[PDB]
Structure formats: structure tokens, C-alpha cells
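S.K.: Here is the input, now give the coordinates:
(2 chains)
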Amino acid sequence: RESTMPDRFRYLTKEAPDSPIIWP
Amino acid sequence: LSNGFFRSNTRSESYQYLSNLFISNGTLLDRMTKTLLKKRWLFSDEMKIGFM
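M.R.: Numbering: from 1, shown residues only, chains lettered A, B, ... in the order given. Okay, here it is:
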């Protein structure tokens, strides 16, 4: 697609996963 | 308006110096406008990297 978003700031648009709390 | 010809020559010398300076660094502006052509955005980091 065509947009006005710089390639440097693309990876900042996603949500990272998180490890569940290992201790319980 | 006797003060309309001094500023014209001041800007003329400014333009002549700018042209003489840009002639020596023509490759800089060349690679720079090509970098702006491929990568659609241009920040200060890419700016200083392309100053090489």
C-alpha cells in the first residue's frame, strides 16, 4: 500500500508479546 | 528609492558565493537528493551520514 509513514518508524507500530510471570 | 540597488548586489554576491561553494560539493547534493529520492524521508542522522 501507499502511505506517509517513514520506514524507520514502522516497527514501532506493533505490539510486542510478553512472557507470563514465571514464579507462581 | 536609492536603496534598491545595494540589496540586489548583496544578494548577488551571496548567490555567487553559494554557487561557487555548491560547485565544489556537487557530489554531496547529488547523493543527498538521490537518497531523498529512494528513501521518502530524510532526518538529521541520514543527513550527517550522507555528508561523507
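S.K.: Only C-alpha atoms from now on, for both contacts and neighbour counts.
M.R.: OK.
S.K.: how much distance is there from the helix ranked longest in chain B to the middle of the chain?
M.R.: Taking DSSP state H as the criterion, chain B has its longest helix at helix B:6-24. Distance of helix B:6-24 from the chain centroid (Cα atoms, centre = their mean, to the nearest Å) equals 11 Å.
S.K.: which element follows it toward the C-terminus?
M.R.: Using DSSP states H and E, the helix or strand that follows helix B:6-24 in sequence is helix B:26-38.
S.K.: Could you export that next one as PDB, CA atoms only?
M.R.: Taking C-alpha atoms only, helix B:26-38 is exported to PDB below (Å, rounded to 0.1, in the frame of the first residue of the first chain):
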ATOM      1  CA  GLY B  26      28.100  18.900  -6.200                       C
ATOM      2  CA  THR B  27      28.500  15.200  -5.400                       C
ATOM      3  CA  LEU B  28      27.200  15.900  -1.900                       C
ATOM      4  CA  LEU B  29      23.900  17.300  -3.100                       C
ATOM      5  CA  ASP B  30      23.800  14.600  -5.800                       C
ATOM      6  CA  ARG B  31      24.000  11.700  -3.400                       C
ATOM      7  CA  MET B  32      21.700  13.600  -1.000                       C
ATOM      8  CA  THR B  33      18.900  14.200  -3.500                       C
ATOM      9  CA  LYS B  34      19.200  10.600  -4.600                       C
ATOM     10  CA  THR B  35      18.900   9.500  -1.000                       C
ATOM     11  CA  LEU B  36      15.800  11.700  -0.600                       C
ATOM     12  CA  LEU B  37      14.500  10.100  -3.900                       C
ATOM     13  CA  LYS B  38      14.700   6.500  -2.800                       C
END
